[PDB]
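Enquirer:
There are 2 protein chains.
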Amino acid sequence: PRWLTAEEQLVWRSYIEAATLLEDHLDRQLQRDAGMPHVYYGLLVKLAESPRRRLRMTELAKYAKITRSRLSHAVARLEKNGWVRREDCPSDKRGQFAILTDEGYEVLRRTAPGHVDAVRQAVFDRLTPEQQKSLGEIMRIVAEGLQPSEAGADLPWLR
Amino acid sequence: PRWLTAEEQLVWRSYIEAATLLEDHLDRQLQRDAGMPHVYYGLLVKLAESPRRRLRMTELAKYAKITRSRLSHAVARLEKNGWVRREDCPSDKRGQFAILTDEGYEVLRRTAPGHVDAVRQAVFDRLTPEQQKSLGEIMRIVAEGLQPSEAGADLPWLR
DNA sequence: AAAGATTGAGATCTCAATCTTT
DNA sequence: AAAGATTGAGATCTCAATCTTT
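Taken in sequence, the protein lines are chains B and A.
Position one of the first sequence corresponds to residue 5 (PDB author numbering), numbered consecutively onward.
Position one of the second sequence corresponds to residue 5 (PDB author numbering), numbered consecutively onward.
1) For chain A, find out if any of its Cβ atoms is closer than 9 Å to the Cβ of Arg-32/B; answer yes or no.
2) Considering just the uninterrupted stretch of the alpha helix (DSSP H) at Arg-74/B, what are its terminal residues?
3) Pick out the complete alpha helix (DSSP H) segments inside the segment 97-141 of chain B, 4 residues or longer, and give them in chain order.
4) Taking only beta carbons into account, state which residues of the segment 108-127 of chain B come closer than 9 Å to chain A, listed in chain order.
5) On a CA-only basis, which of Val-146/B, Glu-11/B, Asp-158/B, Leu-139/B is nearest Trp-16/A? Give me that one, please.
6) Shorter than 9 Å from the beta carbon of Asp-158/B to some beta carbon of chain A?
7) Quick check on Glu-12/B - is its C-beta less than 9 Å from some C-beta in chain A?
8) Which of the three DSSP states is assigned to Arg-89/A in this structure?
9) Could you give the first and the last residue of the continuous alpha helix (DSSP H) run that contains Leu-64/A?
10) My output table needs one value for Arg-17/B: the three-state DSSP class, helix, strand or coil.
11) Provide the residue span of the alpha helix (DSSP H) that contains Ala-52/B, from first to last.
12) Starting from the C-beta of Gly-46/B, find all residues in its chain whose C-beta is less than 7 Å away, skip the five residues before and the five after it, and write them out in chain order.
13) Look up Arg-58/B in the DSSP assignment and give the residues it is bridged to.
14) State the CB to CB distance for the pair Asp-37/B and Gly-118/B, rounded to an integer number of angstroms; the pair is presumed to be in contact (CB under 8 Å).
15) Is DSSP giving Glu-148/A helix, strand or coil here?
16) Who are the neighbours of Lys-84/B on chain A, taking C-beta pairs under 7 Å?
17) Given that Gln-151/A touches chain B, what residues does it touch there, using C-beta distances under 7 Å?
18) Can you tell which of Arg-89/A, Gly-156/A, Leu-150/A has its C-alpha closest to the C-alpha of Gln-125/B?
19) Does any CB atom of chain A fall closer than 9 Å to the CB of residue 164/B?
20) At the 9 Å Cβ level, is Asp-28/B part of the contact set with chain A, yes or no?
21) Any beta-carbon of chain B closer than 9 Å to the one on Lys-137/A?
22) Does any CB atom of chain A fall closer than 9 Å to the CB of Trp-87/B?
23) For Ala-65/B, which residues of its own chain have a beta-carbon under 6 Å away from its beta-carbon, when the five flanking residues on both sides are left out?
24) For a test of the three-state rule: what should DSSP assign to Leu-26/B, helix, strand or coil?
25) Give the secondary structure of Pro-160/A by DSSP, where H, G and I count as helix, E and B as strand, and everything else as coil.
26) So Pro-5/B contacts chain A; which residues on that side make the cut at Cβ distance below 7 Å?
27) In angstroms, rounded to a whole number, what distance separates the CA positions of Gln-100/A and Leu-59/A?
28) Inspect the beta-carbon positions of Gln-35/A and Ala-122/A and report whether they are closer than 9 Å.
29) Just verifying my parser: in three-state terms, what is the DSSP assignment at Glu-12/B?
30) Sorted by chain position, which residues of the same chain lie with C-beta nearer than 8 Å to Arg-57/B's C-beta, five sequence neighbours on each side aside?
31) Between the alpha carbons of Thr-115/B and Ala-22/B, how many angstroms are there, rounded?
32) Within 9 Å of any Cβ in chain B, is that where the Cβ of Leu-131/A sits?
33) Tell me whether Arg-6/B sits in a helix, a strand or coil according to DSSP, three-state version.
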């Protein structure tokens, strides 16, 4: 039997709040200004960044840190509104590509500045360089920790 | 209305991943070992901590940083499985109390150690004291920033 | 009216089952 | 068989509408 010290509780509690408030603030900013939730927007960003604006489903899920299932549903929804389309992998008749359409790229161009502001104002404008450095070192460890290479691990995109 | 440096962009990414992986890891740990998602478990923890193991709805929402709507739905679900019950406020026939049942308390006693481990292994076991200090200072600013007292704001529990 | 809280519908996420291809 | 990916059902969250009490 362990437990958390009161000091640790304060750290953890303030993490939980912050995260829950950020996701809320950003989801809302994106739902009004761009018509989609934060996770979806992130998918478009990752494709926009990819070679030929495309990425195979599992690779997309891996970057997003979500499950293939969630990704499929999300891309059905994004395909419906025309921001994304799908193609077959030619060498492997099993794979599928998610490709960002022109119109999808135009929604990023239209909305990103808004979304960037919101992410600035909530976070980066409030932290000294030292803490920005410190935040990234910290989250990278937490992330690294939760996606080890070790064999039979429970990674979302391998679910 | 400036741009984000590439460094800042990378910090932000690694934040998003970490958070998305933690919520995933903890939701799953709590869904198997305790039969409920992380946010719900939090509600039980806050009541367990409260005087008389009870708290009025809006107060509960304010601690949890969620909306009243989400809270009502969540407490219907917790009431159904018997971990929570409701009472009327006697002075104000408008208010409602959320009270943690005995059996609900027994689910915390049973599961907390598991949940604490999972939160240790993912986070605290991986950070030096300096970074634990640093994390809390950082998130507390982000949180404080997103819930100002200054009236014309969009706080979940006031939605 | 506004405050406290709930409701139902539709959107999304999770889980398990399924299909095809390797 | 396992890998890549999708489906549908049920669980949960959001949004707007609603009800009761102040």
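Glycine residues also receive a C-beta, built at the ideal position from the N, C-alpha and C atoms.
Expert: Checking against the coordinates, here is how it stands:
1) In terms of beta-carbon proximity, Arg-32/B lines the interface with chain A, with at least one pair separated by less than 9 Å.
2) 72-84
3) 106-126
4) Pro-117, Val-120, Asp-121, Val-123, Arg-124, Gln-125, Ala-126, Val-127
5) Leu-139/B
6) yes
7) For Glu-12/B, the answer is yes, since a Cβ of chain A falls inside 9 Å of its Cβ.
8) Of the three classes helix, strand and coil, the one that applies to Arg-89/A here is strand, per DSSP.
9) 61-68
10) Helix, per DSSP.
11) It spans 42-52 - the alpha helix (DSSP H) in which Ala-52/B sits, taken as one unbroken run.
12) By the criterion of a C-beta distance shorter than 7 Å, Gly-46/B is surrounded in its chain by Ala-68, once the five residues flanking it on both sides are discounted.
13) Beta-bridge pairing by DSSP links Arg-58/B to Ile-103/B.
14) 5 Å
15) helix
16) The premise fails here: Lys-84/B is roughly 24 Å from chain A at the closest Cβ pair, so nothing lies under 7 Å.
17) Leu-25
18) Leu-150/A
19) Given that chain B is displayed from residue 5 to residue 163, the structure contains no residue 164/B and the question cannot be resolved.
20) yes
21) With 9 Å as the cut-off, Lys-137/A counts as an interface residue toward chain B.
22) Taking 9 Å as the threshold, the shortest C-beta distance from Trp-87/B to chain A does not fall below it.
23) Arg-72, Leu-75, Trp-161
24) helix
25) helix
26) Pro-117
27) One alpha carbon belongs to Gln-100/A, the other to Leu-59/A, and they sit about 9 Å apart.
28) Contact: no.
29) helix
30) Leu-51, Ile-103, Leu-104, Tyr-109
31) 24 Å
32) yes
33) coil
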